[PDB]
């Protein structure tokens, strides 16, 4: 099964201001591994058009998905709940899901912060490209179970090093996987 944002979401993400972005995230369960595909289109606000000549210190921002013990997305996540659900065709089933523990990042594989520093294996790095241009790389850093105030979390950090001038923040797609809770 597939748990997703749908493939053409309306704004569903709030980073700097309400509904300023479109996170596309598709999670497909392959037994104990989740196959994940992600991209971002920023549609308004601080991160919409990058200009590091005028704003040299805008270099990194983060989106958090926080889940409860049932794998249900929490309200205070950056991603909104309305169109995060099990798929039906190119959309979602009509009723909000109640259980998705099989899609959660495994807590033994990726423990919450403790007296132990999290190992680097709890992170996956990828490079995506703004506007699909090969000379406009940005880094997507994905961390499992970093966050407080939840049972499970997936954190997406987007960052870049180049001085971009009037570059719209809309990315190519990246595939990764992670170990499922069950």
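Numbering follows the first chain given and starts at 1.
Checked against the record, the higher mean CA B factor of 87-95 and 105-113 lies with 87-95.
In this entry, the higher average B-factor at the C-alpha atoms falls on 158-166, of the pair 18-26 and 158-166. Comparing C-alpha B-factors across 153, 62, 142, 70 in the deposited entry, the largest value falls on 70. In the deposited entry, the Cα temperature factor of residue 37 places it in the lowest third of its chain's modelled residues. In this PDB entry, the Cα temperature factor of residue 6 sits in the middle third of its chain's modelled residues. When the CA B factors of the chain's modelled residues are split into thirds, the value for residue 48 lands in the middle one.
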